[PDB]
Structure formats: C-alpha cells, structure tokens
Amino acid sequence: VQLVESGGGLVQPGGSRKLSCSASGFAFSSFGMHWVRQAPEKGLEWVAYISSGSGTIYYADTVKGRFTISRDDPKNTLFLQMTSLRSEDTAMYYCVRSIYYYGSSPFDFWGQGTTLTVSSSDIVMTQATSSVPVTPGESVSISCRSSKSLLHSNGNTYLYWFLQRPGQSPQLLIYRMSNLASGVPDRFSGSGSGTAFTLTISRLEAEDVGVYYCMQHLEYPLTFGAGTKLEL
Amino acid sequence: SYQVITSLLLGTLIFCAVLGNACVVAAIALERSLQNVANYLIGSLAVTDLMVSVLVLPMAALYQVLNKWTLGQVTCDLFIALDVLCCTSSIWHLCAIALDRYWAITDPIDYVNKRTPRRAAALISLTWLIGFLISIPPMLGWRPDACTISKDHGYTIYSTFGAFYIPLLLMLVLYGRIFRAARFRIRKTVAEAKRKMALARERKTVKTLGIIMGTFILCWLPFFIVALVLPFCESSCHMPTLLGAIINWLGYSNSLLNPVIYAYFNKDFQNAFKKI
Amino acid sequence: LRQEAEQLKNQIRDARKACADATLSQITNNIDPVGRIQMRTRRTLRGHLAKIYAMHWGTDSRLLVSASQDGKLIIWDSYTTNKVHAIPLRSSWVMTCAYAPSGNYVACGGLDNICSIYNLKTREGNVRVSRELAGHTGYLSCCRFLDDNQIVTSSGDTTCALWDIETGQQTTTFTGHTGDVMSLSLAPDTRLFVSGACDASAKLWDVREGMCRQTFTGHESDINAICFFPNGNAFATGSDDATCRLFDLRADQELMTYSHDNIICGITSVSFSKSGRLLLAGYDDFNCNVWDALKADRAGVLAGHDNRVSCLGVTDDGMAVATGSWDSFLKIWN
Amino acid sequence: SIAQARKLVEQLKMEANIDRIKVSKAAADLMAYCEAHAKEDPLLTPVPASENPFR
Amino acid sequence: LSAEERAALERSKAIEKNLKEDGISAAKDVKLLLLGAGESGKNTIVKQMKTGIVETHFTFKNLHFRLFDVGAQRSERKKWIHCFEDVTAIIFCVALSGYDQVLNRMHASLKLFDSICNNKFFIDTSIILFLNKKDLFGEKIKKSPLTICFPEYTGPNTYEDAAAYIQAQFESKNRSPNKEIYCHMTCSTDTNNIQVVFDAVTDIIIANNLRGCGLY
Ligand SMILES: CC(C)CCC[C@@H](C)[C@H]1CC[C@H]2[C@@H]3CC=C4C[C@@H](O)CC[C@]4(C)[C@H]3CC[C@]12C
Ligand SMILES: CC(C)CCC[C@@H](C)[C@H]1CC[C@H]2[C@@H]3CC=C4C[C@@H](O)CC[C@]4(C)[C@H]3CC[C@]12C
Ligand SMILES: CC(C)NC[C@H](O)COc1cccc2[nH]ccc12
C-alpha cells in the first residue's frame with residue numbers, strides 16, 4: 001500500500017494546478033479519498049473528500065467552489081483541481097486513504113504529500129496542551145476537547161488520533177475513540193466520553209516523538225485539533 | 001325498481017372488476033415469484049383495467065343509471081378522455097402481452113439474453129402513450145345534457161383504428177404466428193401416448209387462443225364496429241341506445257375478463273393466490 | 001469380527017440403557033413452559049440472487065456472513081442491513097460458510113471440495129482468498145473456525161478434517177463416518193466437535209487427539225444440522241426424518257426428540273438460544289420452528305420465508321436469530 | 001477387509017469404555033444451565049425495545 | 001446517520017448495484033447439469049463442448065451455456081442435487097456400448113436416469129439424453145444381441161432397432177408431461193453435439209414459454 005502525491009511546486013497567487021495521487025498496492029476504487037493539508041507550521045486541516053465510486057464529494061468551506069476533488073479508478077489516481085490559489089493555500093497536501101464499513105479503520109493510510117507553495121457550525125477539536133516534554137518509558141496522556149459530543153446515537157465516538165512524526169506523513173493510531181489502528185503497538189490507548197478525550201501512551205519510545213492530532217468524523221467538515229507535539 | 005336492477009348489475013360488475021384487477025396487482029406486488037416481464041405486463045394490464053374500473057366504470061354507470069349526464073361539461077370531457085385513454089391502454093396491453101409472448105415463443109435467445117423488465121416498462125409506456133394520443137385530440141379540439149364521444153369522421157377513423165382495429169390486426173397476426181409456432185413445436189415433439197398428448201396440446205393451444213382472441217373480439221368488436229360505422233350513419237342509421245350500452249359494457253367487461261384470462265387462468269398466479 | 005462388533009454395539013446399548021433412568025420429559029414436567037415465543041422479522045437481508053445455503057453470525061453479534069449459490073459471500077451489518085462485503089467466490093456452488101471468531105476471516109466451500117479462507121482485513125481494502133484448503137474428496141458441507149489458524153471442515157467424502165490455515169494442510173483427518181458428513185458444531189471450549197452425517201449418526205470428535213469419542217444414533221435419516229447446547233455437554237441434531245434430537249455427551253444417548261405430526265419435511269439447520277432452552281430448527285416446509293429444548297414443546301414458529309429455510313443462527317449474545325433460505329433472503333428475528 | 005473390521009472393533013471398544021452419567025443428572029444439568037441463564041436469553045425473555053438492537 | 005454511517009450505506013449501495021449487475025449477467029446463462037455414469041460419454045461431450053465440480057462455459061449462437069460436470073462427486077447425489085434444481089436441462093450421457101458390459105452398465109445407467117427423472121427437484125426439468133458410442137454399439141451389436149442387457153427385448157438385432165429399443169427404455173422413465181427427453185445418438189467423432197444441445201435448449205425454452213402462455 002502506497003499513495004504517491006504529485007504536483008505541489010510553486011505557483012503565483014490566483015493561479016491553478018492539479019494535485020495528483022498515484023495510488024498503488026490496494027483496492028483504490030473501494031476507498032474513500034481525502035485531501036488533508038498542513039500549513040508549513042500549523043496543524044492538519046481537512047480539505048476535500050471523494051467517496052468510493054465518486055458518488056459523494058465534500059469540501060471544506062474555505063476551498064469549496066474553488067477546489068475540485070476527483071478520482072480515476074482505472075488508473076488508481078486521485079486529483080485535486082485547485083483554482084484561484086490564495087496565499088492561504090500554501091501547505092503540504094496529504095492524500096488520505098479511508099474506507100467505511102462497520103468496523104473499518106478510516107484514515108488509516110496517508111500519502112507522503114506534496115508541498116504546494118503560493119507566493120505573496122463546524123465541530124471544534126481543542127488540544128489545549130502542546131509541545132509537552134516527555135521522558136521515554138513513562139506514560140503520557142494527550143487530551144482533546146470537542147465543541148460537540150462526538151458520541152453518536154449509534155454508540156460510536158468519531159474521534160481520530162494521528163501521529164505526525166517529524167518529517168513523516170501522519171499515521172493513524174486510533175480511529176474511533178478507543179480503537180487501536182493496525183500496526184500500532186498496543187501501548188497507545190484512547191478514551192474519553194462525549195466531548196472530552198485523552199490519548200494515553202503507556203511506555204513512550206523515541207519514535208512517539210511527534211505531533212498528535214485529533215480529528216472528528218461525526219459531522220462531515222472534518223476538523224483537526226491543533227496538534228499536541230511531544231518532545232524529548 | 002327498473003333502475004335499481006341496472007344499478008345493482010353495473011355496480012356488481014364494477015366491484016368484480018375492481019376486486020379482480022386489484023387482486024392481480026396485489027398478487028404481483030406480494031409475491032417474488034410473480035415479478036416477471038410477462039407478469040409485469042399482465043399486472044400492468046390489471047392496473048390499466050383497475051383504472052378503467054375505478055375511473056370510467058363508476059361514472060359510466062352513473063350515466064347509464066341516470067340515463068343522463070348529471071355532471072359538468074368539464075367532467076364530461078374528462079370522462080371521455082379517461083374512458084378512451086384507459087380502454088385504448090387496456091387493448092394495447094393485450095397487444096403488448098401478445099408481443100411479449102410472441103418474442104418468448106419465437107425468439108428464445110432474446111428471451112434469455114435481451115428480455116428485461118425495461119422492455120416490459122417500455123411496452124407499458126407505449127400502450128399508455130397510444131392511449132393518450134387517441135384520447136387527447138378531442139380535448140385539444142377535434143369534435144346537450146348527454147356525454148358522448150366525438151363523432152368526427154376523421155377522429156372516428158383515427159381512434160377506432162388506433163385503439164381497436166390496428167390492435168386487433170396486430171394481436172390476430174401475433175397470435176396466429178404464436179399458434180403456428182406452437183403447432184410447429186408440438187409436431188416437432190412428435191408411443192401412441194405421445195401423439196395423444198400432442199393432440200391434447202394442440203387442443204389446449206386452440207382453446208387458449210380461442211379464449212384470448214374470442215374474449216377480446218366478443219368484448220370490443222361489437223362496440224368498435226358501431227363506433228366506426230355509426231358516425232358515418234350520422235343521419236340514416238340510429239343505434240337503439242340499448243344495443244349501444246350493451247356493446248360499450250361488453251367492452252368494459254373486457255376489463256373484468258382480462259384478469260381471468262391472463263392471471264386467474266395462469267397456474268403461477270393461482271399458486272401465488274393460494275399463498276395468501 | 002462382525003460378531004465382536006455386534007457384541008460391542010450391544011454392550012454400548014446396554015450401558016446407555018443403564019443410564020436411561022428418567023427421560024428429559026419426566027424431569028422437565030414441572031418447569032413452567034414458555035408461552036409462545038413470538039419473534040418478528042426485525043431485518044430482512046436482501047441482495048442474494050439465488051438460494052442461500054449457509055450463514056454464520058459474527059461473534060460481535062452484529063456482522064454475519066451468508067453464502068449463496070449466486071457465487072457471492074456477503075457480510076451483513078445486521079443492525080443496519082448494510083452490506084459490509086460482497087465476496088465473489090471462485091465456485092458458486094458454496095454450501096457452507098464460517099465467520100472466524102476474531103472476525104478477520106471468513107470461510108466458504110461446497111461442490112469444489114475446497115475450504116476457501118478469505119481475509120476480511122487486509123491492507124488492500126478488498127477481501128481476498130488467503131488460503132484454499134484442498135484435500136477433501138467430497139463437497140464441503142460445513143466448516144467452523146477454531147481460531148485464525150485452525151478450521152474444522154466436514155465433507156461429503158465422509159470425513160471431517162482439521163486444517164492448519166497457514167500451511168494449508170490437514171492437521172487431523174476425522175474418519176469414521178460412512179455417510180456424507182453434513183454438519184459440524186464446535187464445543188464452546190473448541191476442544192471437541194460433533195459432526196452429523198448421512199449415515200444417520202452423530203459422532204463426537206476430539207480435536208487434538210483426532211479420534212471419535214462417541215457415536216450417537218437415534219435418527220432414521222440423514223442428519224443435516226448439528227449444534228451443541230450452550231454449555232457443550234449436549235447437542236441437537238437436525239435430520240431429514242423430520243425430527244430433531246438432543247444427545248447428551250456424558251449420558252451418551254438421546255435425551256429428547258423434537259418432532260411433530262404436522263412436520264414431515266426435512267430439517268436443514270438447528271441452533272440454540274443463549275440459555276439453550278430454545279432449539280430453533282429450520283425446515284424444508286419454508287419456516288423455522290422454535291422448540292422448548294427442555295420440554296420438546298413447539299414454542300414458536302418463524303414463518304416468513306418463501307422457500308426452504310436452509311440455515312439459521314443465533315447471535316452469541318442471544319439477541320437475534322438470522323434465518324437464511326432458498327428464497328434468497330435472510331431475516332433477523334427477535 | 002479384515003483390517004476394516006479390526007478398526008471398527010477397536011473404535012467400538014474405545015467408545016464402549018467411557019464414564020457415562022445417568023440421564024437424570026444430564027437432564028438436571030441441562031435444566032440448571034437453562035434456568036441459570038434464562039434471564040440472559042433475549043429470545044427466551046424478550047428485552048425492552050430500548051435494549052433491542054434490532055428495533 | 002453519521003458521516004461514517006452514511007459512507008457505509010453508500011458502500012452498501014455500491015455493493016447492491018454490483019450484486020444486481022452480477023445477477024443480471026448470471027440470469028443470461030443457460031445452466032446445464034451433465035450427468036451419466038462413469039465410462040459413459042460425459043468426458044467426450046465435454047471435449048465436444050470445448051476438484052469436485054467441473055464447470056464448462058461455452059457460447060453457441062449467442063447463447064451462453066454453463067455446463068456443470070459433477071461426476072467427480074463420488075458421494076450421495078441427493079445431498080447436492082438440489083443445487084442444480086434450476087438448470088435449463090440435464091444432459092444425461094449413456095454409453096450405448098454398455099448393454100454388453102457389467103460393472104450391468106446399461107442397467108446402472110437406466111437406474112440413474114430413472115432417479116434423475118423422478119427426482120423431486122427435476123420434476124419439470126427436460127433432459128438432453130445422449131446415447132454415446134453409437135459406433136462401438138454398432139460394432140458390438142452385430143456380434144452379440146441386445147439380450148444380455150434386456151431379456152424382454154424380443155426384437156430385431158439390427159443396430160437401428162436395438163438403439164431405438166434402448167432409447168425407448170430410457171424415455172419410458174420420463175412419466176411427466178411438463179418434461180421432455182431429447183435423445184441423440186453420438187459416436188465421439190461427430191462435431192454437432194453442441195448443435196444438438198443448443199436445439200434441445202431452444203426447444204426447452206420455447207416449450208416453457210408456451211406453457212407460460214397456456215399453449216403447451
Ligand atoms: C363477454 C363474454 C361473454 C365473451 C366471452 C367469450 C368467450 C366465452 C368465448 C369466445 C371464444 C370462445 C372459444 C373459442 C374457441 C374455443 C376452442 C374450443 O376447442 C373450446 C371452446 C372455445 C374455448 C370457446 C369457448 C368460449 C369462448 C372463449
Ligand atoms: C362476465 C362477462 C360476461 C360480463 C359481461 C356482462 C355485461 C355484458 C352485461 C351484464 C350487465 C349488463 C347491463 C345491465 C343493465 C343495463 C342497462 C340497460 O339499460 C343497458 C344495458 C346494460 C348497461 C347492460 C349492459 C351489458 C351488461 C353490463
Ligand atoms: C361512453 C363512451 C365514451 N365509451 C367509450 C368506450 O368506453 C371506449 O370507446 C373508445 C375507445 C377508444 C377509441 C374510440 N373511438 C371511438 C370510441 C372509442
């Protein structure tokens with residue numbers, strides 16, 4: 001499984017270019033596809049979503065109308081047609097693999113990303129702490145707050161935890177509140193209820209250094225909390 | 001007294017037609033085993049006949065019992081349009097059923113590979129389109145306390161030949177080809193018991209096509225002969241207005257008899273009705 | 001040696017009659033009978049386009065897999081009726097399906113003589129065949145996972161097999177049936193399983209030893225369905241002779257028969273409620289009858305299928321029963 | 001052949017020498033389990049529609 | 001619904017669409033159950049048309065056939081014979097040169113044919129009977145008479161009359177009005193059994209359609 005973005009580069013403000021995603025190694029047609037961007041110093045922000053089969057398309061309000069997400073299943077390619085490229089559009093754009101069925105793990109694989117450079121009602125996820133200093137071998141709990149209850153009437157709490165390691169693309173740790181992602185050691189733990197959430201790391205290694213991001217998946221304008229960095 | 005007999009007879013006919021057609025439609029909708037292209041056409045014929053029985057037959061029976069149109073001229077125009085629409089659609093449903101049977105019996109490859117419910121829907125829509133194309137021209141303009149259809153000679157020919165005579169010729173031709181195919185199949189099938197059963201099959205084929213075509217003809221031909229000729233006898237010929245009612249109600253009774261021919265005689269429909 | 005075999009058979013019969021002190025009906029004469037178990041179709045699973053032969057509930061009691069002759073293994077979200085997966089089988093002639101207790105795998109098989117193991121949870125988002133278990137010389141009629149690496153299959157080759165899925169090899173072959181083995185039931189502890197075969201006998205097998213501990217013979221015709229009681233000390237069989245029979249492992253004989261004069265059709269599937277007081281049996285006469293497993297009383301009926309109820313299953317939490325049928329629908333009942 | 005009869009005899013011997021319990025105790029244990037779990041049997045004792053996931 | 005519930009429902013709808021497409025594609029297949037007994041001409045007609053069940057897919061005159069060869073299943077048929085309840089026809093292969101052989105071959109074929117004809121799942125299923133090895137039958141009918149198999153024959157020992165008697169014995173098992181037995185004699189060197197099965201299936205479909213209209 002690998003997602004390879006292309007495009008990016010440097011553009012003038014008001015310009016246009018298409019981001020591409022060369023998916024390979026997985027059933028790309030069966031996955032919903034997201035574009036999630038990260039400004040050079042700020043945290044993740046979800047951009048657009050195209051569902052499996054292209055039936056459903058969503059955009060962030062800040063890019064809706066100007067940005068167009070499209071996929072080509074036969075060539076396993078995901079596109080982001082960007083128009084009227086404002087200076088606020090500079091970011092590293094990540095393509096995110098996500099599949100949706102009962103028990104599935106959305107947002108489980110992320111592409112390496114391409115940096116786009118532009119020259120010059122939504123649920124809120126709050127990570128009050130940031131840049132918390134940690135010591136290897138001892139536990140740490142990363143907290144998260146949501147403006148609305150992420151718990152749905154179905155019983156699921158649509159809270160996602162991602163680990164953005166330094167220099168590496170984000171990596172899902174917990175997909176629905178208290179659901180460990182595949183390949184994540186069973187020392188990361190997720191808990192909370194309603195609007196308050198914590199991610200506990202039991203015995204943090206040197207690889208757990210990184211920015212940890214919340215994400216709600218209850219109402220669709222997916223919002224990340226400002227990341228909570230972990231530093232040695 | 002005398003009008004009570006007419007009211008009871010016509011009301012019983014309307015109730016029987018409504019019950020029969022609604023039960024055919026309900027059996028189609030209730031059973032997975034009756035959701036077939038052929039059964040879609042039969043159930044659509046039942047839907048059309050139920051529309052006849054609930055829209056035309058009550059108003060026509062009111063006109064018959066009261067011997068006069070005690071409703072509006074707008075309502076009279078609507079009644080004529082609905083009557084022609086629904087009767088033409090039922091006759092062309094008979095033609096569509098015959099066409100589907102013809103394709104099933106003479107084109108098994110199409111029956112397997114190309115026969116889809118979209119084709120049943122297309123045939124149904126085409127029958128209703130012909131019904132509209134026959135019934136709307138009088139409202140668009142092609143034409144006394146009496147509600148009678150337009151007697152325009154051009155419209156008379158167009159509507160009698162478009163609702164019955166072209167349907168009659170198509171259905172006669174299709175069922176003649178179906179008969180020839182049925183005998184070809186039986187003769188190819190044919191130890192004396194084998195010839196016994198082949199003769200029984202030919203007898204069954206002639207009985208089935210007799211029921212189908214004889215019911216259609218004895219119901220609608222007496223009405224449509226008069227509907228074609230009598231406008232051309234605008235001064236000489238005078239229908240007793242009892243024979244006219246009789247022939248019109250034979251045509252209406254075709255909507256009562258169609259469920260019996262196409263559903264209540266069907267073995268599949270009988271089993272499905274037993275399931276309820 | 002036929003004389004010695006008959007002598008041992010008579011000794012077994014005598015040992016079984018020595019334990020037949022009071023029948024199950026004599027001891028359950030005083031418990032309050034269940035009144036009328038009136039389940040209702042809560043969900044109808046539509047999407048199969050041929051006869052459904054097998055279903056198996058998930059251990060989460062929410063997902064279930066169904067096997068249909070249309071060549072599709074469909075995993076259902078029974079709460080929402082959502083289709084989680086639709087697995088296209090290489091052979092459409094599937095007559096058994098097993099959902100792994102972990103939920104990571106599903107199995108299916110049939111006239112191809114293969115148990116195909118499907119990985120439901122792959123890095124690629126598609127369900128693929130992880131292993132095809134070949135070695136049975138007859139159709140596979142039942143398969144049940146012990147875990148992610150072990151699955152027990154029953155076959156029309158008259159044998160049952162234990163498989164190591166990683167090696168794809170028969171760890172144990174369970175021979176001893178003379179008729180086609182039609183059903184399997186693992187014990188809750190999964191240390192031993194019962195198989196019912198066309199020889200009208202149910203054989204109890206040790207999974208590790210690989211030997212037939214006990215043989216149970218009360219049915220007059222082919223046993224199609226078998227299921228342990230929830231505690232694993234008894235099991236119920238469903239055969240073509242229109243009877244269900246409850247056999248105790250320790251008593252080593254039939255304790256109860258679930259038959260009715262108005263039932264003459266064969267029995268396709270049996271399962272127990274969570275407490276095991278209800279034996280739910282699927283019949284050729286298109287419905288599922290609910291039996292008081294203790295009093296043999298016909299507690300209820302699950303009518304609603306237009307063809308033979310080929311399979312049924314009770315959730316591990318006991319909330320719902322799903323019945324599959326030849327009419328291509330699965331119905332969830334409460 | 002003869003080996004098949006030998007195997008059948010050995011299997012019958014291995015099956016004949018087991019510790020069978022009385023069917024009275026078997027039925028008593030089946031009762032004990034049934035009434036010991038009758039409360040947690042949603043099919044035996046239907047749950048309120050709030051607690052029924054298939055509502 | 002939740003966003004994830006909505007996307008799960010969308011996935012379920014896509015699955016339903018694919019299932020409907022697959023069922024539509026599958027309903028266009030003419031499914032044939034190939035039967036017979038051992039050394040009959042089952043494999044010969046499979047080769048002419050071209051592990052426990054073998055599936056031969058061929059298209060002839062715009063008709064897609066799925067031929068299910070199940071002879072490898074050496075188990076009780078009635079446990080899996082309902083799997084083929086909805087075949088267009090059964091193709092039964094009988095070796096004509098089996099009247100003279102015991103392992104009687106032709107009595108076994110007749111018993112199997114009777115059980116298949118009078119199976120409750122094949123009440124109205126027509127049978128494309130193939131009487132195979134007609135050339136070997138002609139070779140061995142001039143030497144030995146048709147009395148080793150049928151003592152009650154008492155007819156001419158000629159090839160045509162003996163073969164007609166065998167065919168009559170097989171068709172005597174039909175005993176059903178809604179089912180026809182289409183009997184063809186083959187010699188393993190004739191390239192027209194594909195045509196024979198196509199014509200028999202066409203006749204079956206036409207007769208089923210006529211029965212639907214009440215004309216059969
Ligand atoms: C409105 C009502 C009175 C008209 C009904 C017309 C019916 C009753 C008439 C018209 C055509 C007639 C059929 C014509 C042909 C045959 C074939 C013969 O072998 C049996 C009689 C049979 C089947 C007739 C039965 C009666 C029949 C079906
Ligand atoms: C089952 C088939 C034969 C039903 C056919 C019955 C039809 C032809 C019969 C039964 C009752 C009859 C009606 C009874 C009463 C009258 C009133 C009279 O002033 C005009 C004729 C009219 C309107 C008859 C028309 C024909 C009629 C509708
Ligand atoms: C009371 C009258 C309105 N009854 C009419 C009868 O119900 C159907 O008459 C026709 C249908 C189609 C085409 C037609 N051209 C002439 C008559 C006609």
# chains A, B, ... in the order shown; residues from 1 in each chain; ligands from 1
>>> residues_around(residues="stretch 29-35 of chain D", least_positions_apart="5", cutoff="6 Å", atoms="only C-alpha atoms", output="VMD selection string")
chain C and resid 275 to 277
>>> write_last_selection(atoms="C-alpha atoms", output="tab-separated table (two decimals), in the first residue's frame")
chain	number	residue	atom	x	y	z
C	275	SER	CA	-29.56	-20.12	27.55
C	276	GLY	CA	-30.22	-23.17	25.38
C	277	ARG	CA	-33.85	-23.51	26.38
>>> residues_near_ligand(ligand="ligand 1", cutoff="10 Å", atoms="only C-alpha atoms and all ligand atoms", output="PDB file with C-alpha atoms, in the first residue's frame")
ATOM      1  CA  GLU B 202     -52.956 -28.688 -29.961  1.00  0.00           C
ATOM      2  CA  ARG B 203     -56.425 -28.750 -28.405  1.00  0.00           C
ATOM      3  CA  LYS B 204     -55.078 -26.723 -25.477  1.00  0.00           C
ATOM      4  CA  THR B 205     -53.415 -24.269 -27.863  1.00  0.00           C
ATOM      5  CA  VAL B 206     -56.591 -23.740 -29.876  1.00  0.00           C
ATOM      6  CA  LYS B 207     -58.614 -23.401 -26.664  1.00  0.00           C
ATOM      7  CA  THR B 208     -56.173 -20.877 -25.203  1.00  0.00           C
ATOM      8  CA  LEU B 209     -56.047 -18.725 -28.317  1.00  0.00           C
ATOM      9  CA  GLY B 210     -59.804 -19.046 -28.627  1.00  0.00           C
ATOM     10  CA  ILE B 211     -60.250 -17.775 -25.086  1.00  0.00           C
ATOM     11  CA  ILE B 212     -57.797 -14.915 -25.635  1.00  0.00           C
ATOM     12  CA  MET B 213     -58.900 -13.689 -29.040  1.00  0.00           C
ATOM     13  CA  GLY B 214     -62.570 -14.591 -28.740  1.00  0.00           C
ATOM     14  CA  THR B 215     -62.849 -12.756 -25.440  1.00  0.00           C
ATOM     15  CA  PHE B 216     -61.101  -9.703 -26.854  1.00  0.00           C
ATOM     16  CA  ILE B 217     -63.229  -9.768 -30.017  1.00  0.00           C
ATOM     17  CA  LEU B 218     -66.602 -10.559 -28.442  1.00  0.00           C
ATOM     18  CA  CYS B 219     -65.919  -7.797 -25.926  1.00  0.00           C
ATOM     19  CA  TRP B 220     -64.662  -4.964 -28.103  1.00  0.00           C
ATOM     20  CA  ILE B 247     -71.732  -3.168 -26.650  1.00  0.00           C
ATOM     21  CA  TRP B 249     -70.415  -2.522 -21.468  1.00  0.00           C
ATOM     22  CA  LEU B 250     -69.111  -5.608 -23.255  1.00  0.00           C
ATOM     23  CA  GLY B 251     -66.019  -3.552 -23.960  1.00  0.00           C
ATOM     24  CA  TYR B 252     -65.935  -2.501 -20.312  1.00  0.00           C
ATOM     25  CA  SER B 253     -66.387  -6.130 -19.237  1.00  0.00           C
ATOM     26  CA  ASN B 254     -63.226  -6.899 -21.176  1.00  0.00           C
ATOM     27  CA  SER B 255     -61.525  -5.202 -18.218  1.00  0.00           C
ATOM     28  CA  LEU B 256     -63.269  -7.674 -15.904  1.00  0.00           C
ATOM     29  CA  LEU B 257     -62.343 -10.649 -18.084  1.00  0.00           C
ATOM     30  CA  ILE B 261     -57.673 -14.714 -18.992  1.00  0.00           C
TER      31      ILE B 261
END
>>> residues_near_ligand(ligand="ligand 3", cutoff="6 Å", atoms="only C-alpha atoms and all ligand atoms", output="list in words")
residues 80, 83, 84, 87, 88, 148, 149, 156, 159, 160, 163, 227 and 248 of chain B
>>> interface_residues(of="chain A", to="chain E", cutoff="10 Å", atoms="only C-alpha atoms", output="count of residues only")
25
>>> residues_around(residues="stretch 12-26 of chain D", least_positions_apart="2", cutoff="6 Å", atoms="only C-alpha atoms", output="JSON, numbers by chain")
{"C": [12, 19, 20, 22, 213, 214, 250, 251], "D": [9, 10, 28, 29]}
>>> select_by_dssp(residues="stretch 16-48 of chain C", states="strand (DSSP E)", output="PyMOL selection string")
chain C and resi 41-45
>>> write_last_selection(atoms="N, CA and C atoms", output="PDB file, in the first residue's frame")
ATOM      1  N   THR C  41     -39.751 -10.508  12.340  1.00  0.00           N
ATOM      2  CA  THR C  41     -38.670 -10.182  11.421  1.00  0.00           C
ATOM      3  C   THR C  41     -38.266  -8.735  11.647  1.00  0.00           C
ATOM      4  N   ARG C  42     -37.118  -8.529  12.284  1.00  0.00           N
ATOM      5  CA  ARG C  42     -36.640  -7.172  12.508  1.00  0.00           C
ATOM      6  C   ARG C  42     -35.939  -6.619  11.278  1.00  0.00           C
ATOM      7  N   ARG C  43     -35.092  -7.417  10.647  1.00  0.00           N
ATOM      8  CA  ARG C  43     -34.425  -7.026   9.420  1.00  0.00           C
ATOM      9  C   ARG C  43     -34.630  -8.119   8.387  1.00  0.00           C
ATOM     10  N   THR C  44     -34.661  -7.723   7.122  1.00  0.00           N
ATOM     11  CA  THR C  44     -34.626  -8.660   6.009  1.00  0.00           C
ATOM     12  C   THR C  44     -33.411  -8.306   5.177  1.00  0.00           C
ATOM     13  N   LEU C  45     -32.505  -9.260   5.031  1.00  0.00           N
ATOM     14  CA  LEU C  45     -31.267  -9.049   4.301  1.00  0.00           C
ATOM     15  C   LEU C  45     -31.503  -9.431   2.846  1.00  0.00           C
TER      16      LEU C  45
END
>>> residues_near_ligand(ligand="ligand 2", cutoff="12 Å", atoms="only C-alpha atoms and all ligand atoms", output="ChimeraX atom specification")
/B:2-17,20,57-58,60-68,215-216,218-220,222-223,240-261
>>> closest_atom_pairs(of="chain C", to="chain E", cutoff="6 Å", atoms="only C-alpha atoms", output="tab-separated table")
residue	atom	partner	partner_atom	distance
C:82	CA	E:12	CA	5.3
C:83	CA	E:12	CA	4.6
C:111	CA	E:52	CA	5.6
C:112	CA	E:52	CA	4.8
C:113	CA	E:52	CA	5.4
C:138	CA	E:73	CA	5.9
C:156	CA	E:75	CA	6.0
>>> residues_around(residues="residue E:104", least_positions_apart="6", cutoff="12 Å", atoms="only C-alpha atoms", output="PyMOL selection string")
chain E and resi 37+95+97-98+110-111+148-150
>>> write_last_selection(atoms="N, CA and C atoms", output="short mmCIF file (atom, residue, chain, number, x, y, z; two decimals), in the first residue's frame")
data_model
loop_
_atom_site.label_atom_id
_atom_site.label_comp_id
_atom_site.auth_asym_id
_atom_site.auth_seq_id
_atom_site.Cartn_x
_atom_site.Cartn_y
_atom_site.Cartn_z
N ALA E 37 -22.83 -42.01 -15.97
CA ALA E 37 -22.28 -42.99 -15.03
C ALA E 37 -20.92 -43.46 -15.53
N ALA E 95 -23.58 -44.61 -22.41
CA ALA E 95 -22.84 -45.38 -23.40
C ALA E 95 -23.76 -46.45 -23.98
N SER E 97 -22.78 -48.73 -26.06
CA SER E 97 -22.00 -49.95 -25.93
C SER E 97 -21.75 -50.26 -24.46
N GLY E 98 -22.82 -50.33 -23.68
CA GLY E 98 -22.74 -50.66 -22.28
C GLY E 98 -23.77 -51.72 -21.94
N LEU E 110 -29.69 -46.86 -16.62
CA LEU E 110 -31.14 -46.76 -16.58
C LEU E 110 -31.64 -46.42 -15.18
N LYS E 111 -31.07 -47.04 -14.15
CA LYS E 111 -31.47 -46.71 -12.78
C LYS E 111 -31.13 -45.27 -12.44
N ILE E 148 -28.32 -59.67 -23.65
CA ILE E 148 -27.52 -59.68 -22.43
C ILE E 148 -27.98 -58.59 -21.47
N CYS E 149 -28.42 -57.45 -22.00
CA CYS E 149 -28.95 -56.37 -21.19
C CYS E 149 -30.46 -56.47 -20.97
N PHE E 150 -31.23 -56.61 -22.05
CA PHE E 150 -32.69 -56.65 -21.97
C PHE E 150 -33.21 -58.01 -22.40
#
>>> interface_residues(of="chain C", to="chain A", cutoff="8 Å", atoms="only C-alpha atoms", output="PyMOL selection string")
chain C and resi 77+84+123-126
